[PDB]
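To convert, note that position 19 of the sequence shown is 19 in the deposited numbering; the numbers rise steadily by one, no gaps.
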Amino acid sequence: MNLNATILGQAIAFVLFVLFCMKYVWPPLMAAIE
């Protein structure tokens, strides 16, 4: 079942999360710790 778009979109779900951590968490994390 080579449903490309779903595997691609699973990788989107992963990458979007990961970079959202690299951007919407990094600065306030940095401010909190130093």
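Where a beta carbon is used, it is the ideal one built from N, C-alpha and C, also for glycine.
In the displayed model, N4 falls within a helix according to three-state DSSP. Per DSSP, the unbroken alpha helix (DSSP H) holding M30 starts and ends at 26 to 33.
A distance below 8 Å between beta-carbons, with the five flanking residues on each side excluded, links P27 to no residue of its chain.
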